[PDB]
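Okay, structure first, notes after.
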Amino acid sequence: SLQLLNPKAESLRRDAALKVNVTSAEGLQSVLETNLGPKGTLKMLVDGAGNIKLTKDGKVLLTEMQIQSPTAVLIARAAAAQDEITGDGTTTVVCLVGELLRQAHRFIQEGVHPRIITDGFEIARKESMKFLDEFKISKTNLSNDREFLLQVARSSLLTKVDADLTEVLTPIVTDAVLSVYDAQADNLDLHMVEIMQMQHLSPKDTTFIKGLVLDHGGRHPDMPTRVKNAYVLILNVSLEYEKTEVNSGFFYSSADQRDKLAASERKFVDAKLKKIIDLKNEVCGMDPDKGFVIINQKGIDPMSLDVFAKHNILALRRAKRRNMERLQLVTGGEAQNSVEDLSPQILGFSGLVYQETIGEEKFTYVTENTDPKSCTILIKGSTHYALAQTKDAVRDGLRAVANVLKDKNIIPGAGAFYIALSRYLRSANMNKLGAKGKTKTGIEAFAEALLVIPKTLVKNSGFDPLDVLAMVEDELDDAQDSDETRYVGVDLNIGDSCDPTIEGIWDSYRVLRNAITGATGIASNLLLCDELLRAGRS
Amino acid sequence: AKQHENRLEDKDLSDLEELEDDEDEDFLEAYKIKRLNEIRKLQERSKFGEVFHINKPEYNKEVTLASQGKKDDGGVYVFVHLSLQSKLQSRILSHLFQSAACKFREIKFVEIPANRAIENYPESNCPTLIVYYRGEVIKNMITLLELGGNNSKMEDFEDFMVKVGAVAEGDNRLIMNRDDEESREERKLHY
Amino acid sequence: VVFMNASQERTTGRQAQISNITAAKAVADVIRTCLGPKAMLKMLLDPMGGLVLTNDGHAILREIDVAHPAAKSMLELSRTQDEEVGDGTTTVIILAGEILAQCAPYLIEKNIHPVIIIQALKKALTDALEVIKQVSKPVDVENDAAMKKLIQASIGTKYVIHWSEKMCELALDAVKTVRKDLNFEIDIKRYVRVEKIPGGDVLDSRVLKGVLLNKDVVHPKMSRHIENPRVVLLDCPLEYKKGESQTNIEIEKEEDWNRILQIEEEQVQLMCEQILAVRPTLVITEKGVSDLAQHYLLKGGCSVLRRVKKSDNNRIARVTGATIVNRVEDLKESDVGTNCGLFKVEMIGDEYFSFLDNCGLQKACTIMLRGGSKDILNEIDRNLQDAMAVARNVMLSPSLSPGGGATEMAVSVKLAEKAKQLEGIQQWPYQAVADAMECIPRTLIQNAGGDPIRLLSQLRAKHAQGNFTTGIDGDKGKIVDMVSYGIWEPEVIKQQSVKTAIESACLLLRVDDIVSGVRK
Amino acid sequence: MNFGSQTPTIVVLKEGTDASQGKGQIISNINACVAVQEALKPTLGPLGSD
Amino acid sequence: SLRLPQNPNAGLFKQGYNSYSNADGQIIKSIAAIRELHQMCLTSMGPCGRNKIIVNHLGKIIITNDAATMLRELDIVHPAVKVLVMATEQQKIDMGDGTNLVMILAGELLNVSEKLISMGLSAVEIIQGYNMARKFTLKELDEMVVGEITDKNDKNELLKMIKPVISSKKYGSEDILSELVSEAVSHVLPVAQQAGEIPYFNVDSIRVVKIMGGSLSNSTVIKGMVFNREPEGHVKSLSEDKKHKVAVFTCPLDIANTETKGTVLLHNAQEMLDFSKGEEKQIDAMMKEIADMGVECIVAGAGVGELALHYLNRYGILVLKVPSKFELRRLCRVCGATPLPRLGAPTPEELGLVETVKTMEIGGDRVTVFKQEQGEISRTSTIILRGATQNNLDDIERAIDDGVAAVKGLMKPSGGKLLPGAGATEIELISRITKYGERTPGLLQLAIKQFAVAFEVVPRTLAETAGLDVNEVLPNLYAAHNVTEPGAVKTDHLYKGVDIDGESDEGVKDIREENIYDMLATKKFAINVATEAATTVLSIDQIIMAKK
Ligand SMILES: Nc1ncnc2c1ncn2[C@@H]1O[C@H](COP(=O)(O)OP(=O)(O)O)[C@@H](O)[C@H]1O
Ligand SMILES: Nc1ncnc2c1ncn2[C@@H]1O[C@H](COP(=O)(O)OP(=O)(O)O)[C@@H](O)[C@H]1O
Ligand SMILES: Nc1ncnc2c1ncn2[C@@H]1O[C@H](COP(=O)(O)OP(=O)(O)O)[C@@H](O)[C@H]1O
Ligand SMILES: [Mg+2]
Ligand SMILES: [Mg+2]
Ligand SMILES: [Mg+2]
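Residue numbers (PDB author numbering), protein chains in the order written: chain z, 2 to 539; chain p, 49 to 119, 132 to 251; chain g, 5 to 186, 195 to 371, 432 to 592; chain h, 1 to 50; chain Q, 2 to 549.
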């Protein structure tokens, strides 16, 4: 019928559209499920320009590789919204949507309508929230213990790199959120940490710095790199004029006025710089071991560097926009644009400032702050792809530890929630059915589709999933009768059940929320889709 | 593919600031420094800006040496006008030169009487428009019947400057590309 | 010697009408399964690459380019139905197709003229509006409990029936905010804002009366939490405005160039001092802001946000009551907005969001929708447009009618009784209108999975007893009255459907020749 | 698991890059110099040719 | 997003193969595909029907009003339309009458089925509905029959038979076309009254030879046959009475050569001298036994030698060429001769009887005639059909085949069993089938109802082709049947039918005095094969094609 409207159109309806949706989901599942867990494989995103990059997150794999199929675009957009708000759990979303469409399509072939199947997923979804809010546990984060944050960070960073690099990098994640905390307002910013890309000794030789680190060096050699006590000063106006907004020109009457009109531009430079020199000696004159550094966002005149070089003034330029907020948090200063009003109160303080010449560039290091409300992480590496790999590891690990402070509740990992949720969604007696023999088909499909996560971890480790889950099933049968609450996991070293709380594996509360909510919505709408169409004007 | 290029290519230094809050700073400021350098080159090249009413001895220098410019092949276009006050098209073309001179300061606009230009020149062939570049004649244009004749407008003259390679197609100063502020205002409301 | 550059050949006679009526049937077949509560979903592949998952009729037709010109008259009916009401778009297409499909074997078989059919449809349309007026009844408009089930009627087809308890409260508070006193309900969809935020959970949502901005403050010293904010709207840029006269300055003395940049600082100084004449706390501007002007506003605590859209400034004006003033000299205490509160910037890693809340009856709000993907956010957003679209007509007119095939069946039963009573040449196409209303009940039954031949046979005998509120359930397919369940829609949707269906049939039935090749 | 029907192997060097091992290339390089040498062979001497 | 997956697992079959299921309105399209060529049949039924030009790829044109004939040349793509082609082809082969009806009825059963499938009736119940309607339809055709022939040969009775048949195909004038057939039917029939013998009739007996020129009024009925032959030796008017004799030989009139390497062999001059004269004396000696029997014309089956021809025209023996099998067999049935391949003496009992053999100019070419007389009648007569346009000769010739095919309908059944024509037989079944729907319960009643609505096409078509408004002519005719059989016997409301030309209102002045009727045997198989055409199209829910 569609060909009569547009001969150049196409349409798959009610059997070919269903196979496309399920095969595209299973095809996306079979490729991308291998990255799940610590034993997952590394992918090399080699584009046409030859750029190499190692990663295991499903967000960046699907972002660089354009998706041709229309179904997998909807799943990639779900991983984008998952990675956007949360930053973790993209591999669980594509596996749940792939398994839900697989388990649902098993029943659609048996002659069941898609409507009551999706109705069972929503009742099963709401039943999981009534199971999740009872399954979570509350802890007191006021103590600020380091042992809990390390093992929670170790659980997230083991799924990115091997063990020896995780042990070196897992203190860097815990050191990121030391001072950034507010009990009353409950405000916690993630963007204040600064990720610098640079080539140095090795990835395993990185370290945490308390204060700020800028990528700009001193232009003149005469200024001192070592400064024992520095008072920062924030500038935003450009000392070097780029252009005059109102058009004008110097028409000199004689040759004697040429150098005077050249000195007219020198007066406006000396006018705004004289207050800077007066600001230096206002604190104390002839004070050794006390420097004065200036951080400007816009450019600096090279003619003016001689003025800063004579008085031993460190000047940096072309700074970032978000760094202006980070200066006052680290050094404790105050941001200023003009130079009309100046005082020693607005100035910050720093205990140590130094520079290091690495290659054809120089990096400025500002450390030894009194009460800094921010910090930075140097991403050192032996190549170009390790920087992006460690950058994705930190950007995915910062969200896992930051959610512990946003909400005190935390779920144990190692597939404990998926295994425990399977039994609870078996038999809904008279709680929430809605109809006889209709909703229960979807309850069974949703319960069986959640257990693919612990099985996928076992497939990557190289053991049998049914054998290692049989003892997990036998363990929880006696745990209910033993009168003891016990959470079981999946250990991939020996192939035997385990205890997450004892060993140290955890998952964030918001990961499982948006993953189950996003997967159930996409799995529902794709089952409701009965026909694919295309139309347009080339 | 073009959707990513339109963010930077289709915005000047004044329009690039619109994407300061939306796009990344390093992606935007990297291109603003590039476009800022291009603006500085045009200011240094702005050696002209009014019609040079010359005379012949000088032609052998103003028209041709200029056409060499720096001789870095810094060529300079030089539009000559063999004016003839008795003709109606000549006075129209003189107005277009002064109007274009105020806008395109890098291009040299030259004018001279036609009777003083060539020995016994045909008055019927006037007004004549010659375009020099690196000493070579790029275009020996005849009377303005090609450009509408008596009904010649500023839009037709600016279009001719793009054909000879004197001004880029996507230049913001051309009236074809320089959309009115009221036009862009209606586009944003209806978007 | 062609004599015609535009289709010298012609397709005339009855074959052009077969292509017209068959094309009008084909556009209805691709959306026949898109009706009722058990309706399926569709996917469209635009050439730009932006996919969309839709079941509403208007979104299906507008994104499908059709080469057949006679079919395009059917494509635009959902566009007409959308801008007029915004609900009931699918019923107009299938109803117009059944009228054209039922009226097909009369020129072929009976050879009755089209203009006689045009007279028959108008008298049927006159009687259709008469019996719809008889079947409709009024209800109380101020009862919030009654408004929930009417909004739930259109929501039952869409995906968000599972959250119908939340969606009714989400839409009822929003439509009442923009509503005001003065066609007695002059509020417009343009004032209602709906910002789509990927991520979160759809269960967690609230109707905040404010304007949600998608940007951060320009300077880090500014406080993000204000207890008693004072909004001031501006159109002038805080930057130095460049004059359009192209003024050039002849600098001869040495102090002139320094004085110009000092006058630049003095102008921004004098300009910022006039902002502080009314001591505001929150400033909004639709243009850029220079870094020089940021420092002088720190002493006053005037939070500035830049590059705000023109429509958002109007929405900020109606909420806080501030007046948009371009120049900085005309700021008065009355110009400064008041009765604002709860200014807070919630930190989210994607983008910075700033909230607003109140304590000139025009008002506005911003519905922050949370979900799992950008495409389903458009689905829930379009359901919000359908959620308030069904609520406008019950507020405009108190009239109200049933639905679910019952109101369409009442038209067919009343027309069928008087069709035999007419006894004229126009009674043959007059019967086609009575048979054309049977597709909707039928469609609903077919999608539900029932047997339409016997379910509709007893429905004829049921309506013959003298009742009108008896419909067809969409889940199981009973002949139970809709008073128990509560399926009710406004009267304006069914009025616009029969009018647009009849008026579209009159346009397409009077075509006999097809030509092309004009290239206007 | 695989993306498509087949997967052709990668050439290590770029397509069209000439390379060779063994003693054949250094003999070809020596013969190339001798080929240039023969042009200047009869030129050497007072009785040589231009 | 930019491109679909384009139907995966499509490599199971070839790219050219396509499936067409019942969904997506494709069964409605197949009904619309029937509607394309069905409307072509609307303007070709009835006496006012319009012929059709069909230009083949070779250029051979046939202009015609008959369905079965027109559908042979058109190459069809849709398989459901080909069911109608072979259904009408079956109608032409068996009965040779009522082919438009097969097309117009079975197409309308699919038309009214478009409404039934759209309502929601299952396809299995649709076949059960028409089958139960078919058993009642064929039952009532035997009940409402009136009149019978009861005599194989009569001048006035054949006017009631042939005239309503040829009235559809090339109506023209009624008397000049009907008398050519009724005169020829009486010649070929073995009358043999008061003997108890079984009648016999062959379709291949009556055959029409096309000759250009002249006019339709100058057509005559020839007792014998005719070919466009030329006598070799001499032409003879044969004014001698005392009838001649006929001898038919299937072998050539020449020396029976040896099948295996017939070659001369002459060892000496004595055989060389006698071999030339031996062939002359041998051929002459065989003609003596043939000539003494009094034969004056011999029909040869193949090429005749010159030496044999020299002795045949010596005694004035005519020679006729018939170089084919069927052309030689048809001539023996006229004179009643038994051929023998031997070159000996024909037997006297086997010799045929032909009085005269004339050669005259009809179409400008030489033709040989074999007119018999009232005494010693013969069979397999021909009809000299004169006309101006060769295309009109083709359609009038097939009208004689339809008329000759109608004469076949009297031999097999017990009698004539004529029905009222002019839509009266169709409109009567509408009331009877409508009453049958009211007597039966169940959901099949709508199938019985729409089966009656499909029979309205015959009066609707005849009213449309006659230049009248069908909205006024059709319901005016229903008033004759809405006044159903009162208490008085001998009701004459059954003969009311449509009228092509004349009085207003249209119920025809009976089909009676008009002497137009229809055959029962045509209506039986036509409704049977038309229902099978709709059954096979409606029963199938999936169609598969290849290469297009
Ligand atoms: N060391 C571990 N042992 C067992 N299970 C683990 C371990 N680390 C992670 N997991 C499981 O892997 C799942 C996903 O974790 P992770 O790989 O960090 O996210 P993503 O799959 O998005 O990269 C979690 O639900 C968790 O149960
Ligand atoms: N559960 C239900 N039971 C009976 N009728 C329903 C049900 N859900 C929807 N309907 C009917 O289907 C119609 C659908 O309307 P809506 O989806 O808002 O626009 P459209 O009619 O264009 O699809 C409603 O008018 C209503 O009468
Ligand atoms: N002169 C006439 N008046 C009324 N009816 C006629 C006349 N001629 C023909 N008819 C009717 O038109 C019908 C046409 O039958 P048709 O199918 O064309 O016969 P055929 O099989 O020879 O083509 C006949 O059944 C007959 O009843
Ligand atoms: Mg993770
Ligand atoms: Mg709707
Ligand atoms: Mg006939």
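All residues carry an ideal CB built from backbone N, CA and C; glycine is no exception.
Length of the line joining the Cα atoms of residue i and residue j
{"i": "residue 136(z)", "j": "residue 424(z)", "result": "13 Å"}
{"i": "residue 239(Q)", "j": "residue 357(Q)", "result": "6 Å"}
{"i": "residue 94(p)", "j": "residue 166(p)", "result": "4 Å"}
{"i": "residue 66(p)", "j": "residue 504(z)", "result": "52 Å"}
{"i": "residue 163(z)", "j": "residue 466(z)", "result": "23 Å"}
{"i": "residue 401(z)", "j": "residue 158(z)", "result": "10 Å"}
{"i": "residue 334(z)", "j": "residue 210(g)", "result": "36 Å"}
{"i": "residue 137(Q)", "j": "residue 194(Q)", "result": "38 Å"}
{"i": "residue 41(z)", "j": "residue 281(z)", "result": "57 Å"}
{"i": "residue 312(g)", "j": "residue 288(g)", "result": "7 Å"}
{"i": "residue 50(g)", "j": "residue 447(g)", "result": "14 Å"}
Proximity test, Cβ basis, 8 Å: residue i and chain p
{"i": "residue 322(z)", "result": "yes"}
{"i": "residue 327(g)", "result": "no"}
Chain g within 8 Å of residue i, Cβ atoms only
{"i": "residue 25(Q)", "result": "yes"}
{"i": "residue 249(p)", "result": "yes"}
{"i": "residue 546(Q)", "result": "no"}
Limits of the beta strand (DSSP E) - the one that residue i falls within
{"i": "residue 198(p)", "result": "196-201"}
Distance CB(residue i)-CB(residue j) smaller than 8 Å
{"i": "residue 499(Q)", "j": "residue 463(Q)", "result": "yes"}
{"i": "residue 379(Q)", "j": "residue 335(Q)", "result": "yes"}
{"i": "residue 244(g)", "j": "residue 347(g)", "result": "yes"}
{"i": "residue 561(g)", "j": "residue 471(g)", "result": "no"}
Test: residue i CB closer than 8 Å to a CB of chain Q
{"i": "residue 49(g)", "result": "yes"}
{"i": "residue 584(g)", "result": "no"}
Cutoff 8 Å: residue i Cβ touching any chain z Cβ
{"i": "residue 303(g)", "result": "yes"}
Opening and closing residue of the alpha helix (DSSP H) in which residue i lies
{"i": "residue 14(z)", "result": "Element bounds for residue 14(z): not the alpha helix (DSSP H) but the beta strand (DSSP E), 11-14."}
{"i": "residue 46(g)", "result": "No alpha helix (DSSP H) holds residue 46(g); the beta strand (DSSP E) holding it covers 45-49."}
**OP:** With 7 Å as the C-beta to C-beta threshold (strictly closer), list the residues of the region 198-213 of chain z near chain g in chain order.
**Re:** Look at the region 198-213 of chain z: it has no residue with a C-beta under 7 Å from a C-beta of chain g.
**OP:** Give the residues from the region 243-255 of chain z that approach chain p closer than 8 Å (Cβ to any Cβ), ordered along the chain.
**Re:** Flagged, chain order: 243, 244.
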